[PDB]
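A single chain, nothing else alongside it, follows as structure tokens in the form deposited in one PDB entry.
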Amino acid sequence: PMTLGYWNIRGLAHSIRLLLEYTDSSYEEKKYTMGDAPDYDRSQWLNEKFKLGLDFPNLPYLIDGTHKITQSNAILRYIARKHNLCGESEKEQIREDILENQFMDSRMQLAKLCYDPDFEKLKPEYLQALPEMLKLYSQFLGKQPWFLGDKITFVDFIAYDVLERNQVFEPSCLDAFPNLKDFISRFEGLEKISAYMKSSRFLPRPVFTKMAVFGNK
């Protein structure tokens, strides 16, 4: 069937895997692993980096027969598109594009933090800004079940990951935001997701992200 690739960790691939599972898409996981050390032993990827035939060699990637997708957003939009899980009205499409880009920013903000040696320095800064970021998502989501109304589209999967991350990082921060917390329940509650949340196709070790300082002791 189609194949998904990324490093052996949740990361950017987490939101994609979830979608592949929600849509029951038959896929294969060919995850590369990294040798954490001062010299960053990433050979695993390098030796097959160009052997794949992708236009822009990068992880994550997906190869659907003749289709070769690169970069999360492209991949997500692809499966979603081939499953009608997109936005219809100009309004839904606008929200859709704003969200995809908005969350991506948030992912990057936290990511840099969890990657910096001076974690302790920026950490307090991030915390005293996290609530204001969330407030915006709270208001937007409102009382609608999903970010695009009654329709659960791909942006929801992206949303779940970004929110779930900040929750694991600081559970107490999203306490003041009911609709957000309950949103995470709507997602995890989805029959197909819950079943997957507890299966072999998941990370044994409780670490959600590893890149340089985090994911290693």
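Just count from 1 along the sequence shown to find any residue number. Rigid core: the largest C-alpha set superposing within 1.5 Å between the two forms.
One more form of this protein should be noted, the form deposited in another entry, which is absent from this view; the next part is about it.
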| item | value |
| --- | --- |
| Core-superposed comparison between the shown form and the other one: the option from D150, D55, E191, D39 whose CA moves 2 angstroms or more | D39 |
| Rigid core superposition, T209 Cα moves 2 angstroms or more between the shown form and the other one | yes |
| Direction of C-alpha distance change in the other entry, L59 to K210 (at least 3 Å) | farther |
| Relative Cα spacing, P204 and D64, in the other entry - shift of 3 Å or more | closer |
